[PDB]
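Chemist: Here it is, the structure in full.
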Amino acid sequence: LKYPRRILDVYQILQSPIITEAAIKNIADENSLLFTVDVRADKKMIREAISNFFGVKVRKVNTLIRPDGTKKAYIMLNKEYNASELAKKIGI
Amino acid sequence: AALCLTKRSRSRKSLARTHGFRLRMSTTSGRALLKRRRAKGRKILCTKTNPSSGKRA
Amino acid sequence: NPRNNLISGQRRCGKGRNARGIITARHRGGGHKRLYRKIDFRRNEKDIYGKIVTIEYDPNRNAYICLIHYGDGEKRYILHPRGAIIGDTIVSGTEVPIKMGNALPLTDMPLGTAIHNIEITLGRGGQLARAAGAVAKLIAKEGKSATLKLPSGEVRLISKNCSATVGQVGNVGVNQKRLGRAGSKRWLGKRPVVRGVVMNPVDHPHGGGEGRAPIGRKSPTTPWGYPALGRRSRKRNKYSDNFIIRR
RNA sequence: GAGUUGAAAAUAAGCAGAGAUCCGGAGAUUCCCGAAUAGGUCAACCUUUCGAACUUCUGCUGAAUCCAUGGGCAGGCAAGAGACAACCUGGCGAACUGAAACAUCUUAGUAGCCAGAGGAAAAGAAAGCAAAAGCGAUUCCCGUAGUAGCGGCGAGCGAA
RNA sequence: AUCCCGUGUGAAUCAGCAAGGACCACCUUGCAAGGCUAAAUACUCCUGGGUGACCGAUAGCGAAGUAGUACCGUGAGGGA
RNA sequence: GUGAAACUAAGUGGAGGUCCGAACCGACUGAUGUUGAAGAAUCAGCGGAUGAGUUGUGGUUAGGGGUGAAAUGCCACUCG
RNA sequence: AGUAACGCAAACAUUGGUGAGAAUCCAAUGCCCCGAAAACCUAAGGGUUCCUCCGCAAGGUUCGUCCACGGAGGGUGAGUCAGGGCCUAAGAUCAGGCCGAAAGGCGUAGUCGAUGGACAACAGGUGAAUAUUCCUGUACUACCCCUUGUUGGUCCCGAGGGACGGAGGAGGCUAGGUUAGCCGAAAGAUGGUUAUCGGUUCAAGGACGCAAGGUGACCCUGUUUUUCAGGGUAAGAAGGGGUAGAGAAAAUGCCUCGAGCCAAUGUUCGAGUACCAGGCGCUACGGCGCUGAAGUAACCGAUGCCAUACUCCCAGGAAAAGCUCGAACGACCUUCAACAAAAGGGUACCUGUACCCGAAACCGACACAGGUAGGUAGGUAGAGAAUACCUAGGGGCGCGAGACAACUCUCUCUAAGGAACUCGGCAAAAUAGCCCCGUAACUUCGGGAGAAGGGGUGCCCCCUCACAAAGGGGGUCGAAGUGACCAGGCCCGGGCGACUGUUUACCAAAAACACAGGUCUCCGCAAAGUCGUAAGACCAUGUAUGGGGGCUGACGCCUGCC
C-alpha cells in the first residue's frame, strides 16, 4: 500500500490565494503564484492538488511557515503554462 | 568576570528536558504538581519548547 | 600494530567514582581517556604454542602487557613476565614443561617456583598476584589444596586444580620511577586528598580549632568514625583457608 | 408560534406560516495533545510497515522439559489504566506545643505523603454484654459523665 | 484480663472449647480460627428550589472587565 | 681516551608543572564610585598564560544531603 | 525642590529641505572616533523588534516632524546549508529478572539522546523586507524507466574499516599583501611636477596528470652520511595475488609478482555576446539607459591546505551506523522477478530561514560605563592578534548653551632639596627595545642571570659584503636618536612556606590548603572501605610494586626517654 505521511482532507488542503502586489510580481517575473495552505500539508499533497484541480504541470513547490500560524506556498508552474493566463481565469 | 546573574542563554531544549512536560509526567511527584496546577487554574502548567516550530503569534 | 580490534572499546567512563552519583571512592577524576585492554587471563586454548610479538603499555596496569599470536588464527594479550624475549613462544596446557611465560594447572608442577597469575577457584579469569612484580611461591601440596606464599608475606592453602602462569611478572622498575613532576599524580586521575586536622568538625572527627590541632580523640579515626590504626576490618568467619597471616 | 444567522452594533447574502431562530429527549461528528495507547517525543510534533501499545480473557501452534511454563501468531465494542473538592478505608507517620525545663506522656495516630473506592465508606448478625435479674447484629444522637479509672497518680487522658 | 501481630513451640470437638479484668473450682453466656449485606451516618468541586438582624467595590470568593489574569521566579510557587 | 668502560668538547633537537608578553582566565595595591554608569564595577598598573589550563554544548551527584587543593566555602544576588 | 542628576571627557559645525513648531529627523560638505572593532556573518536566547504608510495620548532621563513606541498591511521560498526521516558517547528510560510499606530502587536486551561519526551547490543577477532557498549558467547526490549478462537475491550473521593523543619545528604551496608591466583618466587656482589617481576579478565541479616536498629495503665507492653518479640482491614499499591448518572473507604461517607511491598545488573546460575604470542621455536629481580598454609577472607570506606527514614523549589517547568483503546455518519472493553497470531522460521528504546576535532587541528590573561560544584577520612602523594612525565598513556615544569662583575627581609641569611625609616609599616619579663587553655571594651544579654595572642607537656616503640580514671608517643636525605610543627598577639581610598552583562569588590570596616524598595501619578478592532497609553499585572489568585510611610535607642531617 502507498500511504501518505498523513491523511489530511485533500479538498481543503488549499485555502486562499494571496493578492498582494509582490504576488503579481511573482506571476509576471517567475511564472509562479501564491497560495495560503494549512500547516498540515506537503510538497507531495499540494503538488498533486494542482495538477488535478487546475490541469497544469507544476514545476516546484516552495513552502514556508508564517508566524501567525498559517502556511504560505509559492507554487511555480511549468514553462509551458503562463501563470498570468491561468490567474486571470481565477480572478487575480 | 561575570555577575551574580543566574539565568542565561541556555537552549530551551535543555530547559524542556528538565522542567518540561515529559519529566513532569515521568514521576508521581510531577503529576501531583500538575494536580496542583490544573486544580489552581493556570493557563500554562509547564514552560516548554517545541521540536518543530517556534510560536503561533 | 595499534587498533588491534582487541582493545575492546567501550568502557565505563574513565576512572569513575559514582555509585548513585555520590563520591564513594574518593579522589578520582582527570587524565586521559585510558582505553582498557581486554587481555586473556584464563587461557582457554591449551596445548597450542604461541609466540610473543609486542610489549604494549597498558595504561590500566602498573606493568606491561604483550600481544601473543598462535599457530591458529587468533590474537590475545597476556601479562608478560620478567624475561620475555621478543619472539619467544608460550603455551598453556596440563603437561607443558615449566618456562618463564607459559601456564599450567597447579598440580603438575614442583614446589618452590615463581608464579604470578594464579586462580583462587576454578572457572574464574585471574585473581591473585598480577601486579608489576607480584610473585607468588609454592610451599608443598596436599590432597586437594596447596599452601601458596603470595607476595604479601602471606600463605594460603588453595584449590589444587587452578591455572597458574609460571614466571616472575616484569616491569619491576616502577618501584623507583619517581613522580617528581608533582602534578603527575593528577595525570593518573587522582585528585588531591585533604587532611583530617584541617577540616571542620562537621566533616571529619578531627576538625580542630586554633592552630595545628592535635588529634584530640583517643584514637586517630576515619572520616566515618572508625579507629584507623590496628582495628582489623575483617569478618570473623568467612573461609578459614589462610594458614597464618604472617604479617 | 414570529422573526432569526452568540457577545455585538454595521455590511453582504440568506433562512422562515407545507412552522425558521429557540427549548427538551435520544443520536452523529469530535483534528492534535493529554491514561494517550503503532514507535519515538523536547505535550499540542516527527516517523510510519495506519497499528486499542501493555496487562487480563478466549483460540491455535506449542522451547530447555514428557506433561508444563515461557514465547509467537490471531480474535475481541475490549475487562483494567486516567481524572475526582470534601467525607471514608489501609499503610508510613512527625515536630513546634503543653508539662511553665525535659526524656515517660501530650500535641497525635492529628497534619502531611502514597494507594484504593462509593455516594456514601468502614463495621455488622454474637466463641457478645450482663449478673443470678435479664437483653438480643452493626452504625449514629442525648445521657450516665467529666463518673469508674489511667497517669514523672504530673501535664493531662477518659470509657463502659 | 479481652483484641491483633514478629520468632519459636504447639491442642480439644459438644462427656468439649472460649469469655465473664491474673488464676483455680462451680454456674451463666456464646460457638473463634469462612465470606456478603440496605437504613440511620459525615462532607461539598457541585445541581435544583427557599431563605438571610450576611457583604456592597480596602467588603464579599484571590477574582463584579484579560482573574489565578498582567507581573515576579529556572522551577516548586507567590500574586495584584 | 684505553683492549672495552668512566667522562668531555662541538653540532642536531625542542623538553619544561621554564621565562617576557597579547586574546583568555583571575582579582594584589591605590584612587574613584558609595540615593554608584554597576546590589561589586571603572581607571592606572598587576598574577598565570602548554597547563594541577580556559571555555562552549549535552549531562551527573539534592538538603538527617551534595560538593569542597578545606574557606563553614558553594548549591539560582538566600547557606552553621 | 524646581535641588541632585540627565548614564564616560569619540566632537561636532554650517548650509539647505520637511513642518504649525527643528541643536536633535533628512540631504550635502568638511571635522572627529573604532578599526583583532564601536566592522560583517552565524550558535544560543528573544519573538515580529524586520519593511512601507500613518500618528505623536504614554515611553525615549531634553526636544522631536524621528523611533526597537501606537495603528493598518506585508515579509522568513532549500534534494545540496543546519537538525529529523541514519548512527551511537556521557546520560536517561528500562520488556522480562532481582529487591522493596506504598511511591518506587538496582539492572540486561531494546529505544531515545549531539557537543561527535555518515551524507549532495557553487558563481553572477534580482530585490521596501528573502537568498548556497527565487532567475540564469554550469554541477553533484538518491531511486525509477530505457539497453548486456546472471539465476538467485534481501536481512540476520563472520571480518576489514570507520577510528581518533599532546608537543615540536622544517619543507612544498595556496589565501592575502606590496611592487612592476598594461589600460583609462587627470591640471586638483601654491615654487616645481605627473613622480598623480582608479582597475589589473573569477567559485563549486568535469577531465588530464606531480617535484627541486615526503615516502621506496641493505652494502661499498665521491661529497658534510646527505641532494645525485654507479653496481648487485629477487621482495625490499603503495599495492595486489596463490596456498596450509576445522579455515568463505579475515587473521596467522609460507611462496611469488610488482620501483614506484601520496597529496595539496597546477594546465584546460566551466569562463564571457559576465564583472569592471571611464565616457555617452534624462533627472521625482533617489538612479536607470547604451558602449566598453588591460585583466599579466615577480618578491614576501599565512595562525589555511598537504597533514591523523614525519620526529619525540608518557600521562598511552571514544562508540556505533554508513562503506567494503564473505561460506554454512535461519526468515521471505521468484521469472521478464532479482542483481551489477554503461550512456540518456524523469522525479526531489518535514522543520529552521526576517531581524538583534563584542547587543538599545540576549542576560544584568533600565535604550544599564558589565557579561556572552565560534568564523573572516587589510596598510604603514613594529617580533607580534600589543601599540600609534588609517582603507573597507560603521559611528559621533539621546540634554544643551553660557561662564572660567571655592572645592572634589581624571591628567601635565614644578625653582631649591630628596622620604625630612608616613603606620608603612602607600601612591606617583624613575628603569624600559635590539646588539657588544661584563657579571658576584651561594647552590640540589639545574640556576641566580636579562644578576649587578657600562657603552652604541637618528639620517646620509663608501667598501667588505654569508654577495637578504649585517660590520668598520667618515660626515651631518638637534639640548635630547628604541626622540611619540609601547617597553624589567635593582641590591644587601632575615622570618615563614621548598617550589607551579588552590582558597572565603560581594572587606581576609595568606604563614592557610594541596603537592612530590616519608612513615604507621587495614585489606587475599564472595577484598577492605563508602552509599543504600534490601537487591545491588563505586572500589574494579583493578588484585598487595595494588586499593582505602591517619599524620607529616621537596631536598640534607637526624627523629631521643616514658
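Identifiers in the C-alpha cells: chain A, B, ... in order shown; residue index from 1 per chain; ligand index from 1 in order shown.
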So which residues touch residue 28 of chain C within 8 Å, counting only C-alpha atoms (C1' of nucleotides), skipping near sequence neighbours fewer than 3 positions away, as a VMD selection string?

Modeler: chain C and resid 15 to 17 25 189 to 191

Chemist: Output C-alpha atoms for every residue in the selection just made, as a CSV table (one decimal), in the first residue's frame.

Modeler:
```csv
chain,number,residue,atom,x,y,z
C,15,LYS,CA,38.4,6.5,36.4
C,16,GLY,CA,34.8,6.7,37.6
C,17,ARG,CA,33.8,7.1,41.2
C,25,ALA,CA,35.5,6.1,46.1
C,189,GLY,CA,43.1,10.6,37.5
C,190,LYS,CA,43.8,11.1,41.2
C,191,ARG,CA,42.6,14.4,42.8
```

Chemist: Write out as an NGL selection string every residue belonging to chain C that has an atom at most 7 Å from any atom of chain F, counting only C-alpha atoms (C1' of nucleotides).

Modeler: :C and (21-22 or 181 or 183 or 186 or 192 or 194 or 198-199)

Chemist: Just the selected residues (N, CA and C atoms), exported as a PDB file, in the first residue's frame, please.

Modeler:
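Saved as out-v2.pdb:
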```
ATOM      1  N   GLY C  21      26.006   8.447  42.043  1.00  0.00           N
ATOM      2  CA  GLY C  21      26.500   9.778  41.805  1.00  0.00           C
ATOM      3  C   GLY C  21      27.261  10.368  42.973  1.00  0.00           C
ATOM      4  N   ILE C  22      27.067   9.822  44.173  1.00  0.00           N
ATOM      5  CA  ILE C  22      27.764  10.294  45.364  1.00  0.00           C
ATOM      6  C   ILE C  22      29.222   9.860  45.278  1.00  0.00           C
ATOM      7  N   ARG C 181      57.446  15.218  39.015  1.00  0.00           N
ATOM      8  CA  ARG C 181      56.858  16.378  38.355  1.00  0.00           C
ATOM      9  C   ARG C 181      55.764  17.036  39.185  1.00  0.00           C
ATOM     10  N   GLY C 183      52.670  17.101  39.588  1.00  0.00           N
ATOM     11  CA  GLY C 183      51.312  17.226  39.102  1.00  0.00           C
ATOM     12  C   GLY C 183      51.010  16.023  38.239  1.00  0.00           C
ATOM     13  N   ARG C 186      47.984  13.984  39.186  1.00  0.00           N
ATOM     14  CA  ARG C 186      46.717  14.360  38.574  1.00  0.00           C
ATOM     15  C   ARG C 186      46.537  13.764  37.186  1.00  0.00           C
ATOM     16  N   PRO C 192      43.718  15.639  44.582  1.00  0.00           N
ATOM     17  CA  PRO C 192      44.408  15.742  45.875  1.00  0.00           C
ATOM     18  C   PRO C 192      43.489  15.467  47.055  1.00  0.00           C
ATOM     19  N   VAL C 194      42.483  15.903  50.967  1.00  0.00           N
ATOM     20  CA  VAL C 194      42.598  16.812  52.095  1.00  0.00           C
ATOM     21  C   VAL C 194      42.830  15.996  53.369  1.00  0.00           C
ATOM     22  N   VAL C 198      42.815  19.664  59.186  1.00  0.00           N
ATOM     23  CA  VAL C 198      42.494  20.957  58.613  1.00  0.00           C
ATOM     24  C   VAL C 198      41.067  20.997  58.065  1.00  0.00           C
ATOM     25  N   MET C 199      40.237  20.027  58.422  1.00  0.00           N
ATOM     26  CA  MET C 199      38.822  20.073  58.108  1.00  0.00           C
ATOM     27  C   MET C 199      38.044  20.631  59.298  1.00  0.00           C
TER      28      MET C 199
END
```

Chemist: Quick one: which residues from chain A are at most 12 Å off chain D, using only C-alpha atoms (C1' of nucleotides), as a list in words?

Modeler: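 Therefore, the residues near the partner are residues 1, 2, 3, 4, 5, 6, 7, 8, 9, 39 and 40 of chain A.
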
Chemist: With 10 Å as the limit and counting only C-alpha atoms (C1' of nucleotides), what residues in chain D lie close to chain B? Please list them as a PyMOL selection string.

Modeler: chain D and resi 41-46+83+85+114

Chemist: Just the residues within 10 Å of residue 360 of chain G, please, counting only C-alpha atoms (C1' of nucleotides), with nothing from its chain fewer than 4 positions along; format it as a PyMOL selection string.

Modeler: chain G and resi 68+356+367

Chemist: Any chance you could list, as a PyMOL selection string, the residues in chain B that come up helix (DSSP H, G or I) when DSSP is run on the backbone?

Modeler: chain B and resi 12-18+21-25+28-40

Chemist: List every residue of chain F that has an atom at most 10 Å from any atom of chain B, and for each one report the closest atom pair and its distance in Å to one decimal, counting only C-alpha atoms (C1' of nucleotides), with rows sorted by chain and then by increasing residue number, as a Markdown table.

Modeler:
```
| residue | atom | partner | partner_atom | distance |
| --- | --- | --- | --- | --- |
| F:25 | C1' | B:1 | CA | 8.7 |
| F:26 | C1' | B:1 | CA | 8.4 |
| F:27 | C1' | B:1 | CA | 9.6 |
| F:39 | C1' | B:4 | CA | 9.4 |
| F:40 | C1' | B:3 | CA | 8.5 |
| F:41 | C1' | B:3 | CA | 9.9 |
| F:57 | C1' | B:11 | CA | 9.4 |
| F:58 | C1' | B:14 | CA | 8.2 |
| F:59 | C1' | B:14 | CA | 9.8 |
| F:76 | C1' | B:6 | CA | 5.3 |
| F:77 | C1' | B:4 | CA | 5.8 |
```

Chemist: Write to file, as a PDB file, in the first residue's frame, the residues of the selection just made, with C-alpha atoms (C1' of nucleotides).

Modeler:
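The resulting file, out_4.pdb, is shown below:
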```
ATOM      1  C1'   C F  25      41.345  33.389  32.971  1.00  0.00           C
ATOM      2  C1'   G F  26      41.875  35.612  37.860  1.00  0.00           C
ATOM      3  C1'   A F  27      41.417  39.888  41.333  1.00  0.00           C
ATOM      4  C1'   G F  39      23.050  45.114  44.603  1.00  0.00           C
ATOM      5  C1'   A F  40      30.750  44.517  43.383  1.00  0.00           C
ATOM      6  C1'   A F  41      32.172  47.901  38.642  1.00  0.00           C
ATOM      7  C1'   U F  57      27.159  22.149  24.238  1.00  0.00           C
ATOM      8  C1'   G F  58      24.809  17.809  26.367  1.00  0.00           C
ATOM      9  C1'   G F  59      24.697  15.744  31.151  1.00  0.00           C
ATOM     10  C1'   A F  76      19.798  30.230  41.357  1.00  0.00           C
ATOM     11  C1'   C F  77      22.026  38.217  44.492  1.00  0.00           C
TER      12        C F  77
END
```

Chemist: With a distance threshold of 9 Å and counting only C-alpha atoms (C1' of nucleotides), extract the residues of chain G near chain C and express them as a PyMOL selection string.

Modeler: chain G and resi 90+163+165+245+251-253+315-319+513-517+520-525+528-531+537-539+541-546+548-551

Chemist: Would you mind listing what lies within 12 Å of residue 128 of chain D as JSON, numbers by chain, with only C-alpha atoms (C1' of nucleotides) counted and same-chain residues fewer than 5 positions away left out?

Modeler: {"D": [135, 136, 137], "E": [2, 18, 19, 20, 29, 30, 31]}

Chemist: For chain B, which residues have at least one atom within 8 Å of chain E, if we go by only C-alpha atoms (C1' of nucleotides)? Write them as a list in words, please.

Modeler: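 Every residue of chain B that passes the 8 Å test is in residues 7, 19, 40, 41 and 42 of chain B.
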
Chemist: Please produce a file of the residues just selected, as a short mmCIF file (atom, residue, chain, number, x, y, z; two decimals), in the first residue's frame, where the atoms kept are C-alpha atoms.

Modeler:
```
data_model
loop_
_atom_site.label_atom_id
_atom_site.label_comp_id
_atom_site.auth_asym_id
_atom_site.auth_seq_id
_atom_site.Cartn_x
_atom_site.Cartn_y
_atom_site.Cartn_z
CA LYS B 7 19.56 32.58 34.22
CA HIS B 19 11.22 21.46 33.51
CA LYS B 40 -5.43 26.12 40.69
CA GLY B 41 -6.31 27.15 37.14
CA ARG B 42 -3.05 28.14 35.46
#
```

Chemist: Counting only C-alpha atoms, which residues of chain A come no farther than 7 Å from chain B, as a list in words?

Modeler: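 In the required form, that comes to residues 67, 68 and 69 of chain A.
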
Chemist: Next, write the just-selected residues to a file, as a short mmCIF file (atom, residue, chain, number, x, y, z; two decimals), in the first residue's frame, keeping N, CA and C atoms as the atom set.

Modeler:
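out.cif written:
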```cif
data_model
loop_
_atom_site.label_atom_id
_atom_site.label_comp_id
_atom_site.auth_asym_id
_atom_site.auth_seq_id
_atom_site.Cartn_x
_atom_site.Cartn_y
_atom_site.Cartn_z
N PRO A 67 4.50 33.29 10.91
CA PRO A 67 4.41 33.22 12.38
C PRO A 67 3.04 33.52 12.98
N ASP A 68 2.05 33.93 12.18
CA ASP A 68 0.67 33.95 12.66
C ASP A 68 0.04 32.56 12.68
N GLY A 69 0.76 31.55 12.20
CA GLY A 69 0.35 30.16 12.28
C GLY A 69 0.21 29.50 10.93
#
```

Chemist: Counting only C-alpha atoms (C1' of nucleotides), which residues of chain G come no farther than 8 Å from chain A, as a list in words?

Modeler: residues 76, 77, 134 and 135 of chain G

Chemist: Go ahead and write the residues just picked, N, CA, C and O atoms (P, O5', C5', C4', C3', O3' and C1' of nucleotides), as a PDB file, in the first residue's frame.

Modeler:
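File part.pdb, as written:
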```
ATOM      1  P     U G  76       8.470  35.807   2.359  1.00  0.00           P
ATOM      2  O5'   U G  76       9.440  35.320   3.517  1.00  0.00           O
ATOM      3  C5'   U G  76      10.832  35.607   3.468  1.00  0.00           C
ATOM      4  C4'   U G  76      11.632  34.743   4.416  1.00  0.00           C
ATOM      5  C3'   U G  76      11.198  33.284   4.521  1.00  0.00           C
ATOM      6  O3'   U G  76      12.352  32.458   4.654  1.00  0.00           O
ATOM      7  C1'   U G  76      11.133  34.296   6.665  1.00  0.00           C
ATOM      8  P     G G  77      13.091  31.863   3.355  1.00  0.00           P
ATOM      9  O5'   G G  77      11.911  31.308   2.445  1.00  0.00           O
ATOM     10  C5'   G G  77      11.297  30.059   2.740  1.00  0.00           C
ATOM     11  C4'   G G  77      10.751  29.381   1.508  1.00  0.00           C
ATOM     12  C3'   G G  77      11.771  28.607   0.677  1.00  0.00           C
ATOM     13  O3'   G G  77      11.134  27.461   0.126  1.00  0.00           O
ATOM     14  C1'   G G  77      10.750  30.242  -0.666  1.00  0.00           C
ATOM     15  P     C G 134      14.731  27.773  -4.842  1.00  0.00           P
ATOM     16  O5'   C G 134      14.332  29.173  -5.487  1.00  0.00           O
ATOM     17  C5'   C G 134      12.997  29.654  -5.424  1.00  0.00           C
ATOM     18  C4'   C G 134      12.817  30.883  -6.278  1.00  0.00           C
ATOM     19  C3'   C G 134      13.603  30.893  -7.577  1.00  0.00           C
ATOM     20  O3'   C G 134      12.960  30.170  -8.614  1.00  0.00           O
ATOM     21  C1'   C G 134      13.898  32.961  -6.464  1.00  0.00           C
ATOM     22  P     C G 135      13.828  29.407  -9.730  1.00  0.00           P
ATOM     23  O5'   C G 135      14.314  30.570 -10.700  1.00  0.00           O
ATOM     24  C5'   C G 135      13.392  31.320 -11.478  1.00  0.00           C
ATOM     25  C4'   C G 135      14.116  32.281 -12.385  1.00  0.00           C
ATOM     26  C3'   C G 135      15.234  31.667 -13.215  1.00  0.00           C
ATOM     27  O3'   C G 135      14.768  31.062 -14.408  1.00  0.00           O
ATOM     28  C1'   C G 135      16.038  33.613 -12.142  1.00  0.00           C
TER      29        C G 135
END
```

Chemist: May I have the residues of chain G within 9 Å of chain B, counting only C-alpha atoms (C1' of nucleotides), written as a PDB file with C-alpha atoms (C1' of nucleotides), in the first residue's frame?

Modeler:
```
ATOM      1  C1'   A G  44      22.102  30.360  21.833  1.00  0.00           C
ATOM      2  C1'   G G  45      18.368  33.469  23.555  1.00  0.00           C
ATOM      3  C1'   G G  47       9.583  36.604  19.216  1.00  0.00           C
ATOM      4  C1'   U G  48       7.886  40.331  14.963  1.00  0.00           C
ATOM      5  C1'   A G 103       5.660   5.715  45.676  1.00  0.00           C
ATOM      6  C1'   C G 350       9.491  17.654   7.377  1.00  0.00           C
ATOM      7  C1'   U G 351      11.383  21.685  10.426  1.00  0.00           C
ATOM      8  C1'   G G 352      14.744  26.414  10.812  1.00  0.00           C
ATOM      9  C1'   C G 362      20.267  38.341  24.789  1.00  0.00           C
ATOM     10  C1'   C G 363      21.448  38.029  30.221  1.00  0.00           C
ATOM     11  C1'   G G 364      22.247  42.088  34.379  1.00  0.00           C
ATOM     12  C1'   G G 370      29.149  44.919  32.933  1.00  0.00           C
ATOM     13  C1'   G G 371      28.810  39.634  30.625  1.00  0.00           C
ATOM     14  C1'   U G 372      28.084  36.165  26.052  1.00  0.00           C
ATOM     15  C1'   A G 505      31.418  34.782  44.160  1.00  0.00           C
TER      16        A G 505
END
```

Chemist: Among the residues of chain A, find those DSSP assigns to strand (DSSP E) from the backbone and print them as a ChimeraX atom specification.

Modeler: /A:14-17,32-37,58-65,71-77

Chemist: Print the selection's residues with C-alpha atoms to a file, as a CSV table (one decimal), in the first residue's frame.

Modeler:
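Saved result, again_36.csv, follows:
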```
chain,number,residue,atom,x,y,z
A,14,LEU,CA,-5.6,24.7,-0.2
A,15,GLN,CA,-7.3,27.7,1.5
A,16,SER,CA,-6.8,31.0,-0.4
A,17,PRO,CA,-4.6,32.8,-2.9
A,32,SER,CA,4.7,31.3,-10.2
A,33,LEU,CA,1.7,32.1,-7.9
A,34,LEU,CA,0.9,32.3,-4.2
A,35,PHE,CA,-1.4,30.2,-2.1
A,36,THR,CA,-2.2,30.0,1.6
A,37,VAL,CA,-2.4,26.4,2.9
A,58,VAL,CA,3.7,22.4,-11.6
A,59,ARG,CA,7.5,22.8,-11.6
A,60,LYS,CA,8.3,23.3,-7.9
A,61,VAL,CA,6.5,23.9,-4.5
A,62,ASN,CA,8.4,26.3,-2.2
A,63,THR,CA,6.7,26.3,1.1
A,64,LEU,CA,7.2,28.4,4.3
A,65,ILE,CA,5.6,28.9,7.6
A,71,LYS,CA,1.4,28.3,5.9
A,72,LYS,CA,2.4,30.0,2.6
A,73,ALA,CA,3.1,28.2,-0.6
A,74,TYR,CA,4.9,29.7,-3.6
A,75,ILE,CA,4.0,27.2,-6.4
A,76,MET,CA,6.0,27.6,-9.7
A,77,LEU,CA,4.3,26.1,-12.7
```

Chemist: Could you tell me how far atom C1' of residue 428 of chain G sits from atom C1' of residue 414 of chain G, in Å to one decimal place?

Modeler: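 Going from atom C1' of residue 414 of chain G over to atom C1' of residue 428 of chain G covers 14.2 Å.
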
Chemist: As a PyMOL selection string, please: the residues near residue 157 of chain D (cut-off 12 Å, only C-alpha atoms (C1' of nucleotides), same-chain neighbours under 4 positions excluded).

Modeler: chain D and resi 105-106+146+149-151
